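The block underneath contains the structure these notes are about, expressed in structure tokens.
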Amino acid sequence: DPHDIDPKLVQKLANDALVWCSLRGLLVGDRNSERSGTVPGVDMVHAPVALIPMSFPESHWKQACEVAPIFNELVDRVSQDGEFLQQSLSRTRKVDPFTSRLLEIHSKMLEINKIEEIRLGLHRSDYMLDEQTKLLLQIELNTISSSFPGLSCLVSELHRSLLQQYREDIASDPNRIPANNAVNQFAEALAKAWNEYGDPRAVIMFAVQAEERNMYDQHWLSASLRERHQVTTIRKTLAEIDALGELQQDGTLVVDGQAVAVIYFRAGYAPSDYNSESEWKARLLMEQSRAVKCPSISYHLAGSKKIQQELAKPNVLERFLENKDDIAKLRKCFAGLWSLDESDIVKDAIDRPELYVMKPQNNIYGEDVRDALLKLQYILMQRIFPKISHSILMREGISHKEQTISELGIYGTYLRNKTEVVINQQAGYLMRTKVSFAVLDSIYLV
Amino acid sequence: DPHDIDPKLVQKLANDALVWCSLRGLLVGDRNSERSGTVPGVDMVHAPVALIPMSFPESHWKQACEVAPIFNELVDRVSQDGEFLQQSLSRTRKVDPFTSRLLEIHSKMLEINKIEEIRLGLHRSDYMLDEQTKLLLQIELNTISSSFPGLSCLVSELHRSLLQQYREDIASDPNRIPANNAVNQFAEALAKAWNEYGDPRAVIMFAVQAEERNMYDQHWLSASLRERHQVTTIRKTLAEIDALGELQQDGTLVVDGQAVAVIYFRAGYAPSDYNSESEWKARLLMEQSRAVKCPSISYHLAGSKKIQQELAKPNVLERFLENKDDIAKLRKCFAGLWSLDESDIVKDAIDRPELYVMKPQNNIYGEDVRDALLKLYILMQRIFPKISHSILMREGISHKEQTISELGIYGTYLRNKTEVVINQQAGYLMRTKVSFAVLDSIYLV
Ligand SMILES: Nc1ncnc2c1ncn2[C@@H]1O[C@H](COP(=O)(O)OP(=O)(O)O)[C@@H](O)[C@H]1O
Ligand SMILES: Nc1ncnc2c1ncn2[C@@H]1O[C@H](COP(=O)(O)OP(=O)(O)O)[C@@H](O)[C@H]1O
Ligand SMILES: N[C@@H](CCC(=O)N[C@@H](CS)C(=O)O)C(=O)O
Ligand SMILES: N[C@@H](CCC(=O)N[C@@H](CS)C(=O)O)C(=O)O
Ligand SMILES: [Mg+2]
Ligand SMILES: [Mg+2]
Ligand SMILES: [Mg+2]
């Protein structure tokens, strides 16, 4: 129990954790700096981290890893069914201007029979463990800008080194922290995608935000690409891509005199990244190009919460997958999922709101679900009640003893060309722990 | 020529250099932060670095590496001659209160026949290359708190990676940057010293300053000690050592319930580290202990500029070394060196001050040497290095500057009763500065 640890020992652990982060690149830009998100190497601070790894059952860890390749294949097959995406999201588009514009781009790609022969997925599936039922249940599937493959790897090593250093003071087995190689598996998948594209002069472009205090996480990927696969990367905003990008007659994307083989998005997932029309033109320009997108417009739309909800309905998974065991494994991870047009469920949410969460496609919980639904006269989800644990959280040099809940992310790499699937695997993990703000964590298997 | 590089390419190099530093621990505490020197992991900035490695002749690099083990042996033999240190520094002690107190501690160790059977040296010998004569000449020998073994290693890798990444844009051979493993060779020497001490529960104590913006350099050493040799380290100030330190009957130093096998000093080299009597008692406490000191009081005094100057005088090197080739190799590195009691030299410095530097044992150059001597410290031959072009990175900003450079060679030395266990060159440091200073590496030509 971390709250029982002597404060003298917490301070020593804290100092050693802070030193380790500083020497090993587990860093973010400081939130109180105007420069830390634009100029690398200035106003840096350790990434917010748990001081001790979070206990997590191995059985459920294994379950999460086992479904990763099934979700990866599912995302790919869902994305190929253009009409399914358009049908599922047609109510969303009248109320959400952002989704509507994404669907416009998708529509334009279907109008010209655009084919993505090489398709790359860099996913993270996020889970919570329900205390009472002991079920690992999916909270979401990220198909765009999956954060922390760089940093989560380091947190595993941080915790393993701390437990090794303090064996005399804390009783543990450091081998209970599982190996986490997400950054290099992500780098490998990006490199193989570049390799399938077949241009030895081409680069991988990172589409990034103008201000990015999590730049070091992204730079860990590009460092792995350069040092382990000799692939060049560039960083550009959507505005910069509009200004500096054009298409050649064959559809090759050229950005500042360099051919772009792969586009890896760490931006363009929210309306606020699209400051003007320039950013939307850039998005459309990239999509019609011959480049490998991660994600493509299809893959992006496939990660929508509305799609997650449609995939839970009877017979829908059987449209996309033939293997009945794989389907059963996915359904074991599904919490209850519903739209506001399922009126029996809306009435039930009004009668028993404590059991539901109302999630936009700013979450609403408990008593407030009743009020919001009554005003309306968004998706509805089974409320998950995780274990509230004790942990010690580090932020800006200061240790805090806190009541926390945790959330397990499983990274997934997927790559296919015309006939063949080249990569489809689980690719490491993320544990995020937060107060009942959030920190990076790892797992200690029990 | 770095000044001819297109500004678009400088910016790309700069960004890649800054990223690399951030991911690979080439960091210092920010100078404009009240916390960066006391709280690790906050208000950090890349270490000031050259963007491009400095050109340096291989012949002179080799000369510098070849004399490293001779200096290491010399420091050891000079330190054993207690009466030589006391005689050489007896004029210094009446005018410098700090040196006098160091000599008091030494005197007390000689009074009780204190023997250091295990002697550890972590040295850096600093050189400048004279443009006109083409001579590598020693500027000083550091026997205490030799900075940058952690960071200088990283700068070599930084430059090698940049040159590798930009082969299409800059014509170079990255293999011309020599391998630099100073941090791990320093760690190994500290680990072997701990091993000779023979206590598997004992720790290596770092004696450190209360505020230290170069903490990450030091932490690289302790990280190497923990991860590659399973030796624990602690960090303590001199005041903390006075408060938390005692001696057992057999002379074992215990600091906060932990036996201390090796004391590695990154403090206690200047008067301002001794805020009160507490710090002096701590220094005396550690010296009389059974622990391996790096440096011992003898080794500390042996690195004095006055000793450097005495070692340059006729027949003195022949007191300590028997091999005439080794002596000749050292004398080839010596610039002219003199004390203020050599009156012929003082008069000459008054007549031709431009040729001299007046160095305290705050340096004085040129015209000002005349004025200071007329008002009335060592006198040294002024060395005139090559003024080069380079690009310096500080706080995220690249500066094109006129620079001079300074080569440091690290040296590891370890002996027990009979045997010398380690005596080698142990990597390098290149510091480059405006005609402020940055870390650099070498590109051999
Ligand atoms: N079904 C659920 N039950 C309980 N808590 C949930 C559920 N879904 C999400 N949460 C909580 O809300 C947080 C946000 O998750 P999500 O809604 O998927 O992303 P966002 O914060 O971007 O809206 C989660 O970290 C989790 O703590
Ligand atoms: N003989 C010399 N000729 C020219 N410059 C010198 C000479 N000695 C020292 N310097 C310059 O002065 C700086 C500081 O002197 P140094 O002897 O290293 O003492 P400290 O490290 O205490 O400042 C050196 O980095 C070097 O650039
Ligand atoms: N811009 C941030 C992305 C932050 C973010 O919120 N990412 C979401 C997916 S949009 C995640 O769940 O990781 C980055 O690139 O690191
Ligand atoms: N206290 C700082 C600085 C020490 C320092 O400047 N040392 C001098 C010799 S005292 C050197 O030449 O490296 C550190 O430990 O890094
Ligand atoms: Mg999603
Ligand atoms: Mg010097
Ligand atoms: Mg010296």
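Labels below follow one simple rule: chain letters A, B, ... track the order of the sequence lines, proteins then strands, and each chain is numbered from 1. Indexing begins at 1, ligand by ligand and atom by atom, following the structure's order.
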**Prompt:** Roughly how far, to the nearest 0.5 Å, is the CG atom of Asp96(B) from the CD atom of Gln361(B)?
**Reply:**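 Answer for the CD-CG pair, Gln361(B) versus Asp96(B), is 7.5 Å.
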**Request:** Report the name of the N/O/S atom of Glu140(B) located nearest to the Mg ion (ligand 6).
**Result:** OE2
**Prompt:** Once rounded to 10°, what is the value of the angle centred on the Mg ion (ligand 5) between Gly303(A) O and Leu141(A) O?
**Reply:** 90°
**Asked** Is the gap between the ring centers of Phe265(B) and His300(B) under 6.0 Å?
**Response** no
**Metal proximity, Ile144(B) vs the Mg ion (ligand 7), N/O/S cut-off 2.8 Å** =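 It does not; every qualifying atom lies at 2.8 Å or beyond.
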**Request:** Please confirm if an N, O or S atom belonging to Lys305(B), backbone or side chain, lies less than 2.8 Å from the Mg ion (ligand 7).
**Result:**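 No, since none of the N, O or S atoms of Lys305(B) sits under 2.8 Å from the Mg ion (ligand 7).
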**Message:** Does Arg394(B) qualify as a cation-pi partner of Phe436(B), given the criterion of NZ or CZ under 6.0 Å from the six-membered ring centre and within 45 degrees of its axis?
**Reply:**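 Because its charged atom sits under 6.0 Å from the ring centre and within 45° of the axis, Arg394(B) does stack over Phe436(B).
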**Prompt:** Got a sec: does the CZ of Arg319(B) have more than 12 other heavy atoms crowding it under 6.0 Å?
**Reply:**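 Atom CZ in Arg319(B) is crowded, with more than 12 foreign heavy atoms closer than 6.0 Å.
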